[PDB]
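S.K.: My questions will all concern the structure given below.
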Amino acid sequence: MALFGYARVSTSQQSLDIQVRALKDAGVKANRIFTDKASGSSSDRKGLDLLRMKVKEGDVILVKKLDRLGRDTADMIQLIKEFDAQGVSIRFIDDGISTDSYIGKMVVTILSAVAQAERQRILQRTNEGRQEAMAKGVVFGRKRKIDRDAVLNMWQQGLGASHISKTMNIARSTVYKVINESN
Amino acid sequence: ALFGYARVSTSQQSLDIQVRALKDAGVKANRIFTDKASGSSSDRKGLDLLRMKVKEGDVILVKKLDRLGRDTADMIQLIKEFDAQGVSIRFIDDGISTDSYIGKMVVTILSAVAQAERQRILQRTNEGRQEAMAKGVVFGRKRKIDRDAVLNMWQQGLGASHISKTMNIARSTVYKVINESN
Amino acid sequence: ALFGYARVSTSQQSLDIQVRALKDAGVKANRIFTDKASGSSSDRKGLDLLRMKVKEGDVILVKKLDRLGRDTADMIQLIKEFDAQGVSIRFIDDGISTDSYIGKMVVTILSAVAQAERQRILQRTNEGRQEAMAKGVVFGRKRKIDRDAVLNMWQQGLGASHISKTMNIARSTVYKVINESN
Amino acid sequence: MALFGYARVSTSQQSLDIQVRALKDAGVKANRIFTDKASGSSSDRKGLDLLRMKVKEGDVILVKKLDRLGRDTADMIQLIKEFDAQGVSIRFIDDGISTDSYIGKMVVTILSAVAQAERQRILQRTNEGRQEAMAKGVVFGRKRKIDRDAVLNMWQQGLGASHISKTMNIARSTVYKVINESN
DNA sequence: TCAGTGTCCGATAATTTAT
DNA sequence: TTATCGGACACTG
DNA sequence: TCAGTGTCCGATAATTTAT
DNA sequence: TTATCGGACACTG
DNA sequence: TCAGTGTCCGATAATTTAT
DNA sequence: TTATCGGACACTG
DNA sequence: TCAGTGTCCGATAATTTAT
DNA sequence: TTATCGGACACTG
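Chains as they are written, first to last, in our numbering: chain S, 59 to 241; chain W, 2 to 183; chain Y, 2 to 183; chain F, 59 to 241.
Shown next as structure tokens:
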């Protein structure tokens with residue numbers, strides 16, 4: 059009975075296609091999938107909240123890998139428990155377990171917290187390797203896309219600030235920031 | 002600061018045997034907290050108290066890990082709270098603290114594999130019982146009143162009230178006895 | 002073909018309570034095997050037998066998983082043997098068989114986390130004992146002979162042999178008694 | 059006291075350099091490392107057998123990740139047990155555990171068999187994705203590096219077979235194989 | 001003193017499949 | 001997994 | 001011929017710590 | 001682990 | 001009827017670090 | 001994490 | 001004023017299955 | 001889980 063597929067992304071890319079094509083592949087219907095994209099912190103995975111609602115006693119959700127049904131373990135279990143309360147299991151295709159039975163769920167918890175700990179360590183590296191470049195004089199973030207030499211030229215040549223922002227189609231504040239910064 | 006939390010769910014006084022295990026692990030009595038649990042989830046008021054009277058640099062001891070939580074989802078919440086509060090929990094018998102970031106992993110595995118085996122017991126108990134039940138095993142409180150007496154009075158045609166007075170027993174009982182034994 | 006292996010290491014007859022658990026799980030007595038273990042690692046001769054009398058398509062039942070192996074390294078060898086022999090093991094109480102390829106994983110985790118807790122008990126027992134020992138607890142067999150008797154004879158100057166004859170006790174004992182109680 | 063580093067490879071490449079530079083990095087001495095390369099099935103990881111021998115009670119071995127101290131779990135434990143018998147622990151740098159104590163070893167066993175099961179599944183895919191290409195008419199293995207059209211030309215033009223292999227500096231058998239195959 | 005022919009095979013080489 | 005090198009081994013001149 | 005003294009030790013039974 | 005048991009062994013009378 | 005100036009800030013954009 | 005856009009908000013003409 | 005009949009039920013105590 | 005207890009409630013005399 060009823061077979062629903064969930065998918066997700068966080069790489070902020072079209073990585074999405076491979077996932078959904080694995081669901082449909084393993085016998086899902088296009089009219090039974092739901093997806094969520096990464097917006098930021100608050101991003102309340104809207105689609106999933108809907109999923110919860112249109113599934114009934116004797117359904118199964120398919121998920122590609124594990125870390126697609128929510129981020130950290132705490133959520134993962136609650137999330138699972140929510141489903142198990144409506145009477146619904148989850149197959150994880152690649153990882154091979156199912157929220158089908160007692161013994162499974164455990165494996166999901168174990169398997170989870172193995173990584174949520176393996177995660178916390180990749181950071182400690184990705185971070186350290188980030189900071190090491192910082193003090194080594196590496197430039198971070200968005201590239202200065204304004205001709206700042208050209209705007210310093212305006213103010214020094216005593217002229218109204220708003221007028222300036224009206225001549226390059228830019229924000230007013232920015233012009234104040236630019237100069238209030240570079241003196 | 003050295004704190005000890007304890008718990009007992011058998012509705013027993015096994016508490017005094019657990020609290021010693023920490024009293025002997027260095028914890029002073031002013032800094033121990035307990036909980037009798039007897040029907041709900043809000044009965045962790047003794048912990049509710051601890052959960053506040055602690056500060057950064059403290060450590061709380063618990064005998065076995067399965068006393069602190071219940072289901073692993075409660076477990077992690079409990080850890081997590083204390084965690085970013087700045088306290089650590091150390092499990093005496095089991096031999097882990099949440100000190101290391103890798104402690105936490107164990108603390109989760111170690112339990113979700115218990116919580117598995119715990120749920121198995123339940124499933125395996127109900128059936129073990131249900132089995133016994135049908136096989137002929139009498140249940141609950143032992144019948145204590147001499148029932149063959151009360152019936153005798155009634156079959157001898159005697160108003161109910163009288164009967165409950167001449168054995169100093171409850172009237173409902175009389176009625177129950179005879180309402181049941183027919 | 003439905004096979005059941007069993008084991009008991011307490012040096013007890015708890016065997017008959019385990020063997021029933023499979024006799025009642027469908028296994029016929031012709032197809033059950035046991036082992037008393039009492040001092041070595043070669044005493045799995047009852048399994049040595051099973052390990053051969055089985056073929057492809059069979060299944061062996063075991064009550065709890067920790068009866069089949071000892072340390073997890075033995076566990077996996079045992080599984081592995083049966084595995085590429087074509088038989089499967091199903092753990093009654095625990096509720097896993099080595100049937101699925103993912104069963105095997107559990108069977109390993111499930112145990113290495115036991116084998117942990119098992120080793121902890123040992124460490125925690127030795128100390129619990131050693132503790133008691135020094136605190137004043139007498140150990141081993143209870144002294145049964147009336148020692149105050151034997152000494153009386155000797156302090157009364159009586160050849161040892163006589164003494165062991167007039168209580169029908171061992172001569173070494175006499176000597177031991179008096180060699181000890183001075 | 060004494061700190062020994064083990065490293066290993068199997069990708070049959072110079073992947074080796076990154077590993078050893080992580081050992082030396084985490085405080086090892088060049089004169090305390092040992093390495094093994096992948097030869098095939100029998101490859102008895104010679105270096106490691108030597109390692110076992112020159113370490114004593116109160117040493118520690120460093121290993122980059124986990125799957126470098128032997129392949130499958132069964133070995134992994136035996137291997138470990140061998141060391142623990144001489145009284146020697148193992149730190150695994152990236153994975154973060156140590157054969158230091160009871161509770162660790164377990165984690166190593168768990169952590170191991172999680173993957174040795176996750177391994178067995180990658181195969182089932184890498185295999186299926188291999189076979190799918192097979193029937194789809196994909197050509198497998200070593201490329202035919204002989205001018206076979208030129209050797210068929212020799213035999214059909216009735217000439218001694220050995221002579222042939224003496225004119226292209228090739229193996230005799232090959233010439234028989236070539237023709238005994240392509241007719 | 002070897003001399004060439006036709007099989008069958010372990011050992012290396014060069015490739016390919018998907019994480 | 002498929003392609004080549006070297007050879008050992010049985011015949012036959 | 002056989003009787004006793006005293007030290008040691010392998011083979012059982014008895015008991016214990018802790019779940 | 002300790003207790004008790006037969007029973008071997010080396011001297012002694 | 002707005003009219004321009006100088007701060008301080010949430011929301012998006014475009015980047016970078018190492019598995 | 002750093003750069004830009006839009007604005008709301010307090011003054012001042 | 002007050003006495004009895006009979007049904008229900010919340011509040012304790014008593015007991016049990018299984019480790 | 002069942003047993004026993006006081007004690008409320010609706011009728012009845």
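Here a beta-carbon is modelled for each residue, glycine too, at the ideal position from N, C-alpha and C.
When the Cα atoms are used, what is the spatial distance from S:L137 to W:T73?
M.R.: Taking the straight line from one Cα to the other gives about 13 Å.
S.K.: Check for me: the alpha helix (DSSP H) holding Y:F83 runs from which residue to which?
M.R.: Y:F83 -> alpha helix (DSSP H) spans 73-86.
S.K.: Under 7 Å, do residue 1 of chain W and W:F34 count as touching if we go by C-beta distance?
M.R.: With chain W running from 2 to 183 in the structure shown, residue 1 of chain W is simply not present.
S.K.: Please determine if the segment 82-90 of chain W and the segment 128-138 of chain W are in contact, where contact requires at least 3 C-beta pairs separated by less than 8 Å.
M.R.: The segment 82-90 of chain W vs the segment 128-138 of chain W: no contact.
S.K.: Counting Cβ pairs, one atom from each stretch, are 3 or more of them under 8 Å apart for the segment 76-85 of chain F and the segment 171-178 of chain Y?
M.R.: These segments do not touch.
S.K.: With a threshold of 16 other CB atoms inside 10 Å of the CB of S:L127, please say whether the residue is buried or exposed.
M.R.: The residue in question, S:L127, is buried, as its Cβ has 16 or more Cβ neighbours within 10 Å.
S.K.: At 8 Å on the CB atoms, spell out the chain F contacts of W:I97, in chain order.
M.R.: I161, listed in chain order.
S.K.: Can you find the residues in the same chain that come closer than 8 Å, C-beta to C-beta, to residue 1 of chain Y, ignoring five residues on each side of it along the sequence?
M.R.: Coverage of chain Y is limited to positions 2 through 183, which leaves residue 1 of chain Y absent and any answer about it impossible.
S.K.: Residues of the segment 58-89 of chain Y in Cβ contact with chain F at a cutoff of 9 Å, in chain order, please.
M.R.: Listed by position, the residues of the segment 58-89 of chain Y near chain F (Cβ gap below 9 Å) are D72, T73, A74, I77, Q78, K81.
S.K.: Touch check for the segment 98-115 of chain W and the segment 161-171 of chain S: three-plus C-beta pairs under 8 Å?
M.R.: Segments in contact, yes.
S.K.: Residues in the same chain with beta-carbon distance under 7 Å from Y:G47, minus the five sequence neighbours each way, listed in chain order, please.
M.R.: Result list for Y:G47: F34, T35, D36, in chain order.
S.K.: Quick check: the Cα distance between W:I77 and W:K64, rounded to an integer number of angstroms?
M.R.: W:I77 and W:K64: Cα-Cα distance of roughly 17 Å.
S.K.: Please state the DSSP three-state secondary structure of W:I164.
M.R.: Of the three classes helix, strand and coil, the one that applies to W:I164 here is helix, per DSSP.
S.K.: From the beta carbon of Y:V138, is the nearest beta carbon of chain W less than 7 Å away?
M.R.: With 7 Å as the cut-off, Y:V138 does not count as an interface residue toward chain W.
S.K.: Counting only runs that start and end within the segment 19-68 of chain Y, where is the beta strand (DSSP E) found for 3 or more residues in a row?
M.R.: Taking only runs of at least 3 residues, the beta strand (DSSP E) segments lying wholly in the segment 19-68 of chain Y are 60-63.
S.K.: At which residues does the beta strand (DSSP E) containing S:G63 begin and terminate?
M.R.: It spans 61-66 - the beta strand (DSSP E) in which S:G63 sits, taken as one unbroken run.
S.K.: How would you label S:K112, buried or exposed, when you count the other beta carbons within 10 angstroms and need 16 or more for buried?
M.R.: Exposed: under 16 other Cβ atoms inside 10 Å.
S.K.: Would you list the residues sitting across from Y:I97 in a DSSP beta bridge?
M.R.: Looking at the DSSP assignment, Y:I97 forms a beta bridge with Y:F92.
S.K.: Do you know offhand how far F:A65's Cα is from F:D125's?
M.R.: Each residue's alpha carbon lies about 10 Å from the other.
S.K.: Interface residues of chain S around F:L169 at Cβ under 8 Å?
M.R.: Ordered by position in chain S, the residues that pass the 8 Å Cβ test against F:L169 are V172.
S.K.: Chain W partners of S:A175, CB-CB under 8 Å?
M.R.: Neighbours of S:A175 on chain W, chain order: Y102, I103, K105, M106.
S.K.: Looking at the structure shown, is Y:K105 part of a helix, part of a strand, or coil, going by DSSP?
M.R.: Helix at Y:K105.
S.K.: In chain order, what residues of the same chain lie with their CB nearer than 6 Å to the CB of Y:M154, ignoring the 5 residues before and after it?
M.R.: Result list for Y:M154: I164, in chain order.
S.K.: Would you give the residue range spanned by the alpha helix (DSSP H) that Y:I179 belongs to?
M.R.: It spans 172-181 - the alpha helix (DSSP H) in which Y:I179 sits, taken as one unbroken run.
S.K.: Just verifying my parser: in three-state terms, what is the DSSP assignment at W:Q131?
M.R.: Correct three-state label for W:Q131: helix.
S.K.: If we cut at 7 Å on Cβ distances, does F:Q178 have a partner in chain Y?
M.R.: F:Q178 counts as touching chain Y.
S.K.: Would you mind giving the Cβ-Cβ distance between S:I161 and Y:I97, rounded to the nearest angstrom? I have them listed as a contact below 8 Å.
M.R.: That belief holds up - the Cβ atoms of S:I161 and Y:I97 are roughly 7 Å apart, short of 8 Å.
S.K.: Assuming F:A88 and F:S68 are in contact, meaning their beta carbons sit under 8 Å apart, how far apart are those beta carbons, in whole angstroms?
M.R.: Not a contact, Cβ separation roughly 23 Å.
S.K.: Using a Cβ-Cβ cut-off of 8 Å (strictly less than) and excluding sequence neighbours within five positions of W:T99, which residues of its own chain qualify?
M.R.: Answer for W:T99: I80, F83, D84, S89, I90, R91, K105, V108, listed in chain order.
S.K.: Using only CA atoms, which one of F:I76, F:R206, F:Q182 lies nearest to F:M226?
M.R.: Nearest option by C-alpha distance: F:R206.
S.K.: Roughly how far, in whole angstroms, is the beta-carbon of W:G58 from the beta-carbon of W:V28, given that I think they are within contact range, below 8 Å?
M.R.: Not really, about 16 Å apart at Cβ, beyond 8 Å.
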